[PDB]
Each structure stands twice: as C-alpha cells, then as structure tokens.
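Working notes, beginning with the structure itself.
Just so it is clear: chains get the letters A, B, ... in the order the sequence lines come, proteins before strands, and each one is counted from 1.
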Protein chains: 8
Amino acid sequence: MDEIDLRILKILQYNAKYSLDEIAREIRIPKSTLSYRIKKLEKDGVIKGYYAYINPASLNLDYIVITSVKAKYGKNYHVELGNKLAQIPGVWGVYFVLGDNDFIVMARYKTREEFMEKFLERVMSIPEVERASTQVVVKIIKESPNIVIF
Amino acid sequence: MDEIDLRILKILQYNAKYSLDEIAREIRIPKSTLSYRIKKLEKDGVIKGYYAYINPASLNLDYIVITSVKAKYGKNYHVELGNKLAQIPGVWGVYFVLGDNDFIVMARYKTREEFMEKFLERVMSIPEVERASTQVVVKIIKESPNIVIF
Amino acid sequence: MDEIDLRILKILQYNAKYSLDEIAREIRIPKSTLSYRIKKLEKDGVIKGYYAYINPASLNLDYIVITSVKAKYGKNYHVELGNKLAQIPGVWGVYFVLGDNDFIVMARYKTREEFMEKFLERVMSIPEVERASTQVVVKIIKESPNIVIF
Amino acid sequence: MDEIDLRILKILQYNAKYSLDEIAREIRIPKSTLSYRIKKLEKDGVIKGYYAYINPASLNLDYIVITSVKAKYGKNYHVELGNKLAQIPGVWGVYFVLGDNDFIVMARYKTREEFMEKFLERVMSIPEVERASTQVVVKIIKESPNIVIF
Amino acid sequence: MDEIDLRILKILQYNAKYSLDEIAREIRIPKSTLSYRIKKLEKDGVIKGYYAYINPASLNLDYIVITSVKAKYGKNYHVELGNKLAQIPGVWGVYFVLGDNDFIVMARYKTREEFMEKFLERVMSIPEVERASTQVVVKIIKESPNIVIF
Amino acid sequence: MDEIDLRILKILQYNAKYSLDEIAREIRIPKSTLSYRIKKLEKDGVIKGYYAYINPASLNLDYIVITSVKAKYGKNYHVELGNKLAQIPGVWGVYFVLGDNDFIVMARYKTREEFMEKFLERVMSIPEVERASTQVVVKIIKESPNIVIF
Amino acid sequence: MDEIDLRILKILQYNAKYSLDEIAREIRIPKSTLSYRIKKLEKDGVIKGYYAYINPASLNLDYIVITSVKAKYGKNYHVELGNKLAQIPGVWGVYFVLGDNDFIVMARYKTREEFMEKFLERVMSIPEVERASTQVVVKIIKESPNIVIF
Amino acid sequence: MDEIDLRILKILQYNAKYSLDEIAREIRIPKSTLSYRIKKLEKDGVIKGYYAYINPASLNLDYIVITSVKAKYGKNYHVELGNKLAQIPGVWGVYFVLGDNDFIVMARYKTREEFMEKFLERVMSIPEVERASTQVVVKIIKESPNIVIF
Ligand SMILES: NC(=O)CC[C@H](N)C(=O)O
Ligand SMILES: NC(=O)CC[C@H](N)C(=O)O
Ligand SMILES: NC(=O)CC[C@H](N)C(=O)O
Ligand SMILES: NC(=O)CC[C@H](N)C(=O)O
Ligand SMILES: NC(=O)CC[C@H](N)C(=O)O
Ligand SMILES: NC(=O)CC[C@H](N)C(=O)O
Ligand SMILES: NC(=O)CC[C@H](N)C(=O)O
Ligand SMILES: NC(=O)CC[C@H](N)C(=O)O
Ligand SMILES: [Mg+2]
Ligand SMILES: [Mg+2]
Ligand SMILES: [Mg+2]
Ligand SMILES: [Mg+2]
Ligand code: NA
Ligand code: NA
Ligand code: NA
Ligand code: NA
Ligand code: NA
Ligand code: NA
Ligand code: NA
Ligand code: NA
Ligand code: NA
Ligand code: NA
Ligand code: NA
Ligand code: NA
Ligand code: NA
Ligand code: NA
Ligand code: NA
Ligand code: NA
Ligand code: NA
Ligand code: NA
Ligand code: NA
Ligand code: NA
C-alpha cells in the first residue's frame with residue numbers, strides 16, 4: 001500500500017458506490033489503473049468486501065445493549081465462552097478486554113422481549129458465566145465503524 | 001417494507017457487490033423490479049449507503065480501546081461531552097447507556113503513542129469528565145456491525 | 001380506552017370512594033354511562049381491583065428494606081430464585097433489572113428481629129444466591145405506586 | 001386496633017369492594033359494628049384511603065426504571081435533592097437508604113423517549129447530583145405494595 | 001432504672017475507681033443508697049462488670065486491623081463463619097452488618113508477622129469465606145467504647 | 001513490665017473488681033507487692049483507668065452503625081474531618097485506615113430517628129465529606145475491646 | 001552498619017562502577033578500609049549483588065502490565081497461587097497486599113501477543129484464580145527500585 | 001544487538017561482578033571483543049548503568065506500600081500529579097495505567113509513622129488528587145526488576 005491506496009480507501013470507506021471516473025478524477029490517475037489498484041487491494045485482503053449500510057431503526061431495532069460478561073477461570077472456559085457469545089443471534093460485537101479482564105458484547109434487538117428470549121435467557125443459562133452486566137443504550141451519539149481512515 | 005425487501009437486505013448486508021441477476025435469481029423476481037425495490041429502499045432511508053469493509057490490521061490499527069466516560073452533572077455537560085467525544089479522531093462509536101449512566105466510546109489507533117496523543121490526552125483535558133476508564137481490547141472475537149438481519 | 005376513560009381512571013387511582021354523581025359531574029357524562037365505562041374497564045382488565053391504602057406505621061412496620069440479590073448462573077437458577085424471593089412473607093416487590101443484572105427486593109417488617117428471622121435468614125440459606133446487599137430505608141420521601149396517571 | 005381490626009384490614013387490603021354482609025359474615029360480627037370499626041380506622045388514620053388498582057400495561061407503561069441517586073454533601077443538598085426527585089412526573093417512589101447512603105427512585109414511563117425527556121434529562125441537569133445509576137426493570141416478578149398484612 | 005441510675009452510670013462508665021462519698025456527694029444521695037442502687041444495677045444486668053483500661057501501645061499492639069469478610073451463601077455457612085472469626089486470638093470485635101451484608105472484624109496484633117500467622121493465614125484457610133478485605137488502621141482518632149452515655 | 005505484670009493485667013482486663021488476696025493468691029506474690037506493681041502500672045500509663053461495663057441494651061441502644069467516610073483531598077480537610085466525626089454524640093470509635101483510605105466510624109443510638117438527627121444529618125452537612133456509607137449492625141457476634149491479652 | 005556504611009551504600013545504589021579512589025575520596029577514608037567495609041556488607045547480606053541496569057526499550061519490552069489477582073479461599077490456594085504467578089516468564093514482581101487482599105503482579109512483554117501467550121492464557125487456566133484485572137502501563141513516570149536510600 | 005549481546009546481557013543482569021575471563025569462557029569469544037561489545041552496549045544506551053542490590057530489610061524498610069492515585073480531570077492536572085508523586089521521598093515507582101486510568105505508586109518506608117509523614121500526609125494535601133487507595137504489602141513473593149531477559 002502507498003499514499004494513493006490510502007486516498008482510494010478513504011473514499012471507498014464512505015461511499016463504495018462512486019463511479020470510477022469520479023474517483024479517478026478526484027485522485028488524478030488513469031481509471032484503468034485505479035481499477036487495478038482496487039482489485040489488488042481486494043486480493044491482498046485490505047478490502048474484505050462491500051456492504052450495504054442499513055438503518056437499524058428501519059428494522060425496528062430499538063433495544064440496543066452493551067453487556068460485560070465475566071467468565072469463570074480454569075480449563076478453557078474463557079475461550080469457550082467467547083465463541084458461545086459470538087453465535088447468539090443479535091450479537092454483532094464480542095471483544096475480550098483488559099482492565100475488567102472480561103468480554104464486551106454488542107447486540108441489537110427489536111424489543112425487550114426479544115432481548116430476553118434471544119440474549120439474556122441464553123446468557124443466564126451458561127454455567128461458565130461468573131457475572132454479566134447489561135447496559136441499555138439510550139442514545140447512539142455515533143456509530144461509524146466503517147470509518148477507519150480519519 | 002415486505003418479506004421480499006428483507007430477503008434483498010439480508011443479501012446486501014453481506015455482499016453489496018452481487019450481480020442483480022444472481023440476486024434476482026436467488027429471490028425469484030424480475031431483475032427490473034429488484035432494481036426498483038433497491039432504489040426505493042435507498043430513498044426511503046432503509047439503505048443509507050454502501051461501504052467498503054477495510055481490514056483494520058491492513059491499516060496497522062493495533063491499539064483498540066473501549067472507554068467508559070462519566071460526565072459531571074449539571075447545566076448541559078452530559079450532551080456537550082458526548083459530542084466532544086464523537087469528534088475525536090479514531091473514535092467510531094459513542095453511546096450513552098443506562099446502568100453506569102455514562103458514555104461507552106469505541107476507538108482504534110495504530111499504537112499506544114497515537115492513542116495517548118489523539119485520544120487520552122484530549123479526554124484528560126476535558127473538565128466535564130468526572131472519570132474515564134479505558135479497556136484495552138486484546139482479542140476481537142467478532143465485529144460484524146453490518147449484519148442487522150440474522 | 002378513550003380520553004374519557006383516562007379522566008375516570010385519573011380519579012379512581014386517587015380516590016375510589018367517590019360518588020358516581022360527583023364523578024359524573026366532574027367529567028360531564030350520564031352517571032349511567034360512567035357506571036358502564038367503569039364496569040367495562042374492570043372486565044377488560046384495566047382496573048384490576050380496589051384496595052384500601054393502609055398506613056404501614058399503623059402496623060408498626062418500622063424496618064423497611066430494599067435488597068439487591070445476585071443469582072448464580074446456569075440451569076434455571078435465576079428464575080427459581082426470583083419466585084422464592086417473591087414468596088417470602090413481608091416481600092411486596094421483586095424486580096429483575098439490567099445494569100447489576102440482578103433482583104431488587106422490597107420488603108417491610110416491624111423490627112430488625114422480624115427482618116432477620118423472616119427475610120435475611122431465609123435468603124442466606126438459598127444456595128443459588130451469589131450475593132445479597134440490603135439497604136435500610138431511613139426515609140420514605142414518596143411512595144404512591146397507585147398513581148399511574150400524572 | 002385489636003385482632004378484629006387486623007382481620008378487617010387483611011380483607012380490605014386485597015379487595016375493598018367487598019360487601020359489608022360478606023365481610024361481617026367472614027369475621028362474624030354485627031354488620032353495623034363492622035361499619036363503625038371501618039369508619040374509626042379511617043379517622044384514626046389507619047385506612048388512609050381507597051384506590052383503584054390500574055394495570056400499568058393498560059397504560060402502555062413499558063419502560064420501568066429503578067434509579068440510585070447520590071447527592072453532593074454540604075448545606076442542605078440531600079434534603080433538597082430528595083424533594084426534587086419526588087416531583088418528577090412518573091416517579092412514584094423515593095427512598096433514602098443506608099449502605100449506599102443515597103436515594104432509590106422508582107419510576108414508570110411508556111417508552112425510552114418519555115423516560116429520557118421527563119426523567120433523565122431532568123436528573124442530569126440537577127447540580128446537587130453526584131452520580132445516578134438507572135437499572136432498567138425487565139421483569140416484575142411481584143408488585144403488591146397494598147399487601148401490608150401477610 | 002431512673003434518672004438517678006443514669007447519673008451514677010454516667011460516672012462509672014468513666015471512672016469506676018471513684019469513692020462512694022465523692023459519688024454520693026456529686027449526685028446528692030445517701031452513700032448507703034448509692035451502694036444499693038449500684039448493687040441492683042449489677043444484678044439486673046445493667047452493669048456487667050468492671051474492667052481495667054489497658055493502653056494497647058503498652059502491649060506493643062502496633063498492627064491494628066479492621067477486616068470485612070463475606071461468607072458464601074447456603075446451609076448455615078454465615079452463622080458458622082461468624083463464630084469462627086470470633087474465636088481467633090486478637091479479634092475483639094465481630095459484627096454482621098447490612099449494606100455489604102457481611103462481617104466487620106476488629107483485631108489487634110503487635111506486628112505484621114503476628115497478624116499474618118494468627119489472623120490472615122487462619123482466615124484464608126476458611127472455605128466458607130468468599131472474600132476478605134483488611135484495612136490497616138494507621139490512626140486511632142477515638143476509641144472509647146466504654147462511653148455509652150453522652 | 002515483666003511476666004508478672006502481664007499475669008496481673010490478664011486478670012484486671014477481665015475483672016477489676018477482684019480482691020487483692022484472690023489475685024495475690026492466683027499469681028503467688030505478696031499482696032503488698034501486687035498493690036505496688038498495680039500502682040506502678042497506673043503511673044507508667046499501662047493502666048489508664050477502670051471502667052464499668054454497661055450493657056448497651058440496658059440503655060436501649062438498638063441502632064448500631066459502622067460508617068465509612070471519605071474526605072475530600074487538599075488543605076487539611078482529612079485531619080479536620082476526623083476530629084469533627086469524633087465529637088459527634090454517640091460516636092465511640094473513629095479510625096483512619098488504608099485500603100479505602102478513609103475513616104471508619106463506630107456509633108450507637110437508641111433508634112433510627114436519633115441516629116438521623118444526631119449522626120446522619122450532621123455528617124451530611126459536612127462539606128469536606130466526599131462520600132459516606134453506613135452499615136447497620138444487625139448482630140454483635142463479639143465486642144470485648146477490653147481484652148488486650150489473649 | 002554505621003553512618004559510614006550508609007554513605008557507601010548511597011553511592012553503590014546509584015553507580016556500582018565507581019573507583020575505590022573516587023569513593024574513598026568522597027567519603028574520606030582509607031581506600032583499604034572502604035574495601036573491607038564493602039566486603040563486610042556483602043557477607044552480612046546487606047549488598048546481595050551487583051546488576052547491570054538494562055533499558056527495557058532496548059529489548060523491545062513495550063507491553064508493560066500490572067495485574068491484580070484474587071485467589072479462591074481454602075486449603076492452601078493463596079500460597080500456591082503466589083508461587084505459580086512468580087514462575088511465569090516475564091513476571092518480575094509479585095506482592096500479596098492488604099486492602100484488596102490479593103496479589104499485585106508486575107510483568108513485561110515485547111507485545112500484546114507475547115503477553116497473551118505467556119501471561120494471560122497461563123493465568124486464565126489457573127483454577128485457584130477467582131478474578132484477575134490487568135492494567136496496561138502506558139507511561140512509566142519513574143522506575144528506580146535500586147534507590148533504597150533517599 | 002545480536003544473539004551474542006543477549007547472552008552477555010543475560011549474565012550482566014544477574015551478576016555484573018563476573019570476571020571477563022569467566023564470561024568470555026561461557027560465551028566463547030575473545031575477552032578483548034567481549035569488552036568492546038560491553039562498552040558498545042553502554043554507549044548505545046542498552047546498559048544504562050551498574051547498581052548494587054541492597055536488601056531493603058537491611059535498611060529496616062518494613063512498611064512497603066502500593067498506592068493507586070486518581071487525578072482530577074482538566075487543565076494539566078494528570079501530568080502534574082504524576083511528577084509530584086515521583087519526587088516524594090521513598091517512592092521508587094510511578095506508572096500511569098489504563099483500566100483504572102490512574103497512577104500506581106510503589107514506595108518503601110521503615111515504619112508506619114515515616115509512611116504517614118513522608119508519603120500519606122503529602123499525598124492528602126495535593127488538591128489534584130481525586131482519590132488514593134493504599135495497599136499494604138505484607139509479603140514480597142518476588143521482586144527482581146533487574147531480570148529483563150528470561
Ligand atoms: N478515465 C481516466 O481517468 C483515464 C482513462 C484510462 N486511460 C482508461 O484506460 O480508462
Ligand atoms: N433478469 C430477470 O430476472 C428478469 C428480467 C426482467 N424482465 C428485466 O426487465 O430485466
Ligand atoms: N347523574 C347523571 O349525571 C345523569 C343521570 C343519568 N341519566 C342516569 O341514568 O343516572
Ligand atoms: N348483618 C349482620 O351481620 C348483622 C346485622 C346488624 N344487626 C345490623 O345492624 O346490620
Ligand atoms: N455518705 C452519705 O452521703 C450519707 C451517709 C449515709 N447515711 C450512710 O449510711 O452512709
Ligand atoms: N497477702 C499476701 O499474699 C501476703 C501478705 C503480705 N505480706 C502483705 O503485706 O499483705
Ligand atoms: N586511597 C586512600 O584513600 C588511602 C590509601 C590506603 N592507605 C590504602 O591502603 O590504599
Ligand atoms: N581471554 C580470551 O578469551 C581471549 C583473549 C583475547 N585474545 C584478549 O585479547 O584478551
Ligand atoms: Mg458496512
Ligand atoms: Mg392500593
Ligand atoms: Mg473497659
Ligand atoms: Mg539493578
Ligand atoms: Na462496561
Ligand atoms: Na479470550
Ligand atoms: Na437507540
Ligand atoms: Na446524553
Ligand atoms: Na486486535
Ligand atoms: Na441498589
Ligand atoms: Na428472571
Ligand atoms: Na420509615
Ligand atoms: Na434525606
Ligand atoms: Na415490565
Ligand atoms: Na469497611
Ligand atoms: Na449472622
Ligand atoms: Na495505631
Ligand atoms: Na488522618
Ligand atoms: Na444489636
Ligand atoms: Na490495582
Ligand atoms: Na500469601
Ligand atoms: Na512504556
Ligand atoms: Na500521564
Ligand atoms: Na515485607
């Protein structure tokens with residue numbers, strides 16, 4: 001990757017539906033090359049794919065939660081718990097972090113009932129779970145994970 | 001939105017680079033209509049846009065952090081603090097949550113130094129901040145915010 | 001339910017011992033209809049019943065407590081613990097809440113001894129209990145659960 | 001108050017809509033006396049009033065919260081904060097408790113938006129507030145404050 | 001007990017080595033009666049005994065600790081743990097309290113080594129102990145348990 | 001102090017109302033000497049005094065509390081707060097401890113009302129107080145501060 | 001040890017590569033004696049050895065951590081856990097402390113990966129571990145353990 | 001630095017008082033070269049110096065503490081507090097860490113009194129300090145900061 005690739009990426013991270021001509025015109029390079037570079041980035045694994053950004057509200061996803069989960073120590077409980085949490089429907093993020101040395105789980109549901117049935121009841125039944133604390137998100141100030149180049 | 005739109009969205013959320021023919025063939029509808037429905041979803045605000053999914057590692061984003069920030073009470077400190085946190089370079093997520101009644105801030109940096117200079121030093125200088133606790137992410141078990149339809 | 005029912009309910013929630021004439025005169029409708037509406041609300045389940053509001057002090061209920069109880073994870077411990085807590089004499093409120101992801105238990109006793117014997121000793125013997133923290137209420141600033149329409 | 005009054009109260013706390021004949025027949029005393037005793041209890045302040053028990057769901061009160069609020073020390077901040085919390089629409093319970101030496105506030109709202117506008121925004125603007133932690137109630141196992149005699 | 005007994009007690013709690021004449025002269029009553037009242041208080045259990053107040057420093061008791069101990073729930077673990085803590089040499093106070101719903105243990109030792117061997121090692125070996133937190137006392141602002149009448 | 005003084009003290013700490021003959025007979029020394037040693041211990045400050053042990057229940061001291069108080073940093077707030085806490089009627093113990101780096105305050109009152117008026121209201125009005133947490137003692141397993149020699 | 005030894009030590013703790021002449025000249029004593037005193041201190045165990053102070057950065061030790069580890073109670077779990085933590089490669093400090101009544105573990109690694117593989121995975125597999133909380137060091141303001149004489 | 005330098009350093013970190021012949025014989029290289037390499041490491045800053053390892057007990061350093069200090073937010077309070085803590089006599093370690101987002105301070109004193117006068121009183125007077133929590137070290141399982149190569 002070179003400074004040119006970064007300029008290309010800084011555009012595709014925002015709008016992947018731009019025309020090669022408009023892009024090639026903004027970055028100042030042969031539209032034929034731009035196409036090559038983009039294809040190269042895809043193969044090299046820089047660009048993993050293209051996604052449609054769907055508005056969660058449009059899907060009635062009104063019950064947004066961020067849950068900290070502590071796992072019991074020993075055997076391979078920690079790793080096992082992480083993968084179980086990642087396969088729960090509605091869960092889009094699972095991170096293991098230092099400090100609280102636990103898992104931070106991001107999920108979205110349409111309502112409290114759905115959250116209870118699909119997420120909480122499932123989590124409460126996992127023996128390896130030492131403690132879980134769910135924080136209800138009441139305001140999304142910002143959520144642009146797609147922006148990696150500031 | 002109808003059951004057909006959901007089927008279309010369940011595809012575009014994963015791969016927006018599919019061909020209309022392959023999509024129209026999977027859902028079983030006139031490629032001409034599919035195109036109309038997709039265009040409608042865009043105008044109605046369901047599909048807000050299309051983004052390229054860039055691998056953070058490819059950008060050397062190795063210092064990933066999740067920080068809880070508590071704001072001092074009174075005046076309009078809470079709302080002000082939220083917007084200040086959202087404009088910090090590297091910060092892609094800001095949520096106000098109940099429980100700890102604070103802000104959960106998601107950010108990514110290439111190194112500790114960059115994190116300190118761009119994020120921490122900035123946060124430590126904000127007077128409205130009562131307390132901040134940063135959790136270093138050492139393992140991303142899952143991060144697929146694009147998946148809204150399970 | 002219509003705006004008229006709400007006006008009726010806003011009265012019955014405060015004083016269910018009012019005369020139909022005084023009520024019918026305040027809301028401005030045929031006393032015969034008012035009676036019908038009230039009867040309808042009862043059948044439809046809006047009005048579940050009528051209770052006498054007894055002053056706790058009159059019963060020497062001087063030891064008022066609010067206890068947070070955390071349940072151990074696994075099997076069906078959480079649900080089981082909730083129902084056990086609800087059947088303890090003196091306990092009038094049991095809620096499962098997010099944040100501390102535990103149970104908040106409201107109870108009233110005449111003295112510390114009664115609290116110990118009927119509530120605490122019972123709770124300390126429940127194996128599914130991970131931790132319990134009792135907060136002694138020393139001042140009831142307000143307690144009007146009957147007011148649902150402000 | 002005597003053992004007879006307690007038997008009367010144990011009935012009125014459950015159903016104040018019983019007939020004097022049915023009550024007088026259950027307790028075994030002159031319906032004329034029962035009426036006197038009940039009237040006496042009202043004047044002596046034992047029976048403060050009669051209320052209609054309205055089902056919160058019937059009013060779409062789906063966002064139920066229990067919030068702990070800590071007040072800053074000094075002057076008369078504590079007492080002032082307590083009364084401010086009690087006058088917030090939707091708040092039916094306010095207790096000052098030992099342990100966390102703070103206020104436990106019970107409130108009900110129809111939705112998150114209403115909760116934010118009427119309760120949280122109001123609380124976040126109170127300078128005397130040191131910290132507030134809201135626990136979202138996701139399950140009401142039991143809520144019978146009217147039962148004072150077990 | 002009458003106002004006269006309280007005046008007598010308010011003296012004996014401070015200095016039990018006073019002369020009956022000086023006491024009888026301060027309270028204004030027949031030295032013969034004073035003696036009777038004091039004897040009565042002893043039998044009735046008001047005055048449980050007379051102790052010599054020894055200066056802890058004189059005994060090289062330099063390692064003073066206050067430890068909170070949480071017991072595991074179930075069976076009769078709580079009560080058992082309390083009595084075990086009370087029989088540890090050096091422990092003069094054991095209280096079960098609400099809030100942290102645990103035991104507060106007061107002890108005194110000459111040094112850290114003695115504290116470790118006699119108190120901590122013993123406590124760490126008790127299975128019923130869920131958690132223990134020792135606070136080292138570095139300054140005794142006041143310690144007059146003998147004063148019960150202010 | 002020698003081994004003989006310790007034997008004398010081990011007796012006086014339990015019962016200072018023993019007869020010199022019984023003591024001299026138990027320790028095996030001239031009653032005349034025993035008297036000298038005891039007098040020496042008093043002057044040297046080992047024995048600070050003799051107190052009557054009064055049963056708190058006999059004084060209706062039913063509301064027993066242990067409160068942790070955190071002081072604000074700066075100036076001489078810490079030292080000042082300590083002395084203010086020690087002069088509150090009902091407070092018999094005040095210790096500054098490490099760990100929570102705060103004050104542990106022991107007090108006794110006859111009732112909740114008295115506790116509120118004499119202790120809590122006073123503490124809540126002290127500006128230097130950052131936070132206070134009161135633990136209600138519901139069971140005194142052991143309280144023998146007089147025993148310094150085990 | 002005398003005041004002269006302290007002066008010698010105050011030098012050797014900073015720079016053990018000084019010449020006997022320069023040292024003997026600064027302290028004002030026969031270089032032959034200085035040599036004797038130093039040899040005596042070594043045998044008496046005051047000076048345990050001489051070490052080269054290596055700059056951690058020079059070894060790419062960029063992931064510095066301080067971890068609190070709580071051990072389960074009973075048997076000899078506490079002591080066993082302490083020694084296991086001390087034998088983990090990268091761990092240079094292990095202390096058992098009061099307050100949190102746990103272990104504080106100091107370690108250094110070149111990267112997050114190394115930290116995970118050598119330290120965290122190892123710690124997460126220890127059954128005796130109740131909880132562990134790792135604090136990532138982002139700035140070493142001072143680290144001069146060699147200075148014992150200020 | 002090469003594999004040879006590491007072998008040299010792995011020796012000097014343990015015993016810098018070895019003879020060049022013994023070292024040159026263990027690593028298998030010209031004693032003349034070894035000397036050059038060591039001199040190079042010193043200039044390049046790898047070896048910052050040589051220190052005498054003094055046994056803290058030999059200096060009566062019996063009161064060992066690890067203190068967490070939280071700084072108030074705003075201005076440049078954080079950085080200022082860090083340097084103030086580093087200049088306190090007895091303090092050998094100061095680290096700013098993530099998680100608790102505060103300072104971890106390592107210090108050693110001969111007694112509690114010295115700790116109070118030199119460390120605690122000083123820290124309690126710093127206005128920028130929000131909270132400080134001192135953990136008394138009662139057992140040093142391991143303290144070998146000099147070992148950087150395992
Ligand atoms: N479109 C451009 O910017 C240049 C055109 C380029 N030569 C091509 O092959 O398309
Ligand atoms: N491609 C299809 O699935 C149908 C073709 C459609 N009639 C069109 O207008 O393209
Ligand atoms: N009481 C009223 O307000 C109107 C009387 C009504 N017509 C009835 O049937 O009783
Ligand atoms: N109803 C009863 O139980 C007795 C009647 C009673 N004598 C009256 O005055 O009504
Ligand atoms: N000593 C007094 O105060 C009065 C004496 C009292 N009459 C007695 O019997 O000793
Ligand atoms: N009472 C004793 O034990 C010995 C008596 C002692 N000789 C005295 O002077 O009293
Ligand atoms: N070097 C000195 O300071 C004095 C020399 C000393 N007489 C010796 O034996 O070396
Ligand atoms: N001492 C050795 O290992 C080799 C000696 C080396 N030739 C020197 O110059 O000292
Ligand atoms: Mg996307
Ligand atoms: Mg009622
Ligand atoms: Mg005494
Ligand atoms: Mg060294
Ligand atoms: Na969190
Ligand atoms: Na993991
Ligand atoms: Na939302
Ligand atoms: Na907000
Ligand atoms: Na990562
Ligand atoms: Na609570
Ligand atoms: Na439940
Ligand atoms: Na009350
Ligand atoms: Na109050
Ligand atoms: Na509900
Ligand atoms: Na405590
Ligand atoms: Na008990
Ligand atoms: Na002391
Ligand atoms: Na002090
Ligand atoms: Na008691
Ligand atoms: Na710590
Ligand atoms: Na140990
Ligand atoms: Na560093
Ligand atoms: Na800093
Ligand atoms: Na030590």
Exercise for the section: Counting only heavy atoms closer than 4.5 Å, note whether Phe150(A) contacts chain B via side chain, backbone, both or neither. Expected result: side chain
Practice task
Evaluate whether atom NZ of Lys84(B) has more than 12 neighbouring non-hydrogen atoms of other residues, nucleotides or ligands under 6.0 angstrom away.
Solution key: yes
Handout entry: Within 6.0 angstrom of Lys142(B) NZ, more than 12 heavy atoms from elsewhere
Key = yes
Completion exercise
Interface check, chain B: of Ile104(A), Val94(A), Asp100(A), most non-hydrogen pairs under 4.5 Å belong to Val94(A)
With a 4.5 angstrom heavy-atom cut-off, which part of [X] approaches chain A: side chain, backbone, both or neither?
X: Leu59(B); value: side chain
X: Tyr18(B); value: neither
X: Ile66(B); value: side chain
X: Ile54(B); value: both
X: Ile11(B); value: neither

Shortest non-hydrogen contact from [X] toward [Y]:
X: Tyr95(B); Y: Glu143(A); result: OH-OE2, 2.8 Å
X: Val148(B); Y: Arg108(A); result: CG1-NH1, 3.7 Å
X: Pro145(A); Y: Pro145(B); result: CG-CG, 3.5 Å
X: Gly45(B); Y: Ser58(A); result: O-OG, 3.8 Å

Exercise for the section: Output yes when a side-chain donor or acceptor of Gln135(A) lies under 3.5 Å from a complementary backbone atom of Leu98(B), and no otherwise. Expected result: yes
Handout entry: Residue selection (most heavy-atom pairs with chain A, distance under 4.5 Å) from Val91(B), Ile47(B), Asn83(B)
Key = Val91(B)
Completion exercise
NZ (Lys139(A)) and NE2 (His78(B)) are apart, to the nearest 0.5 Å, by 13.0 Å
Would a 4.5 Å heavy-atom cut-off, applied to side chains only, mark [X] and [Y] as touching?
X: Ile64(B); Y: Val97(A); value: no
X: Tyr53(B); Y: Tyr51(A); value: yes
X: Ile141(A); Y: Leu85(B); value: no
X: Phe96(B); Y: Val138(A); value: yes

